[PDB]
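# Observations on the three-dimensional arrangement
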Amino acid sequence: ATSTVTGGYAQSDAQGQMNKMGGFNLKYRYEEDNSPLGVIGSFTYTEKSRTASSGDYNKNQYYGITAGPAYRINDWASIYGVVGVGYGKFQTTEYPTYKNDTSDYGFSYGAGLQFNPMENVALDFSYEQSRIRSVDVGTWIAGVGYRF
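Residues numbered from 1 in each chain as written, not as in the entry; some residues may be left out. Heavy atoms only, no water.

For this deposition, the record names solution NMR as the technique by which the model was determined.

## Concerning the environment of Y146
Its location among the elements puts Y146 in the segment after β2 (108–109). The sequence separation of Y146 and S3 amounts to 143 residues, and the corresponding C-alpha distance is 8.3 Å. Ignoring sequence-local partners within four residues, the contact set of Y146 consists of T4, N120 and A122. (Helix = DSSP H or I, 4+ residues; strand = E, 2+ residues; numbered from the N terminus. Contact = heavy atoms within 4.5 Å.)

## Regarding a nonpolar patch on the surface
On the surface, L113, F125, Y127 and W140 cluster together to form a nonpolar patch covering roughly 540 Å² of accessible area. With respect to the helices and strands, the residue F125 is situated in the segment after β2. Its relative accessible area of 40% is what places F125 among the partly exposed residues. (Patch = residues over 30% accessible without salt bridge, like charges linked within 9 Å, V, L, I, M, F, W, Y side chains within 5 Å. Areas by Shrake-Rupley, 256 points an atom, 1.4 Å probe, with all protein chains shown as cover. Salt bridge = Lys/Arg side-chain N within 4 Å of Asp/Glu carboxyl O. Buried < 20%, exposed > 50% of the residue type's maximum accessible area, 1.4 Å probe, protein only.)

## Considerations on the pattern of salt bridges
A full pass over the atoms with the stated rule returns one salt bridge. With a closest N to O distance of 3.0 Å, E31 and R29 form a salt bridge.

Here you go:
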């Protein structure tokens, strides 16, 4: 039950203050009075690691595909439902075929807590956490778009 372009910044500091950047969360949908089901597409990248020497950290980027229906309900309080899982062949790249091979399920999702607009602004509060073996990240979404 949305229809606007949102975005901001997501800071990351894991491994003991040794990471920066991340990407922008883009949300765009269109479902209202027609069918209690839409297509929530979220394509974002993860600015983590990098190979600027001889690949001694990690390779490939992160890919997440979130999805969920549209249910407003309540007097006028939307509900959260943005689940996501991470996976791929990336973790160790500095040997003749070593990799890690630690098939795990990532927990990517936020909560619903949107306030009413005052003049022309709609801030969203969604908490994102990771669980890659042992990584701690504390991002603070600062969306600054419209609301529909």
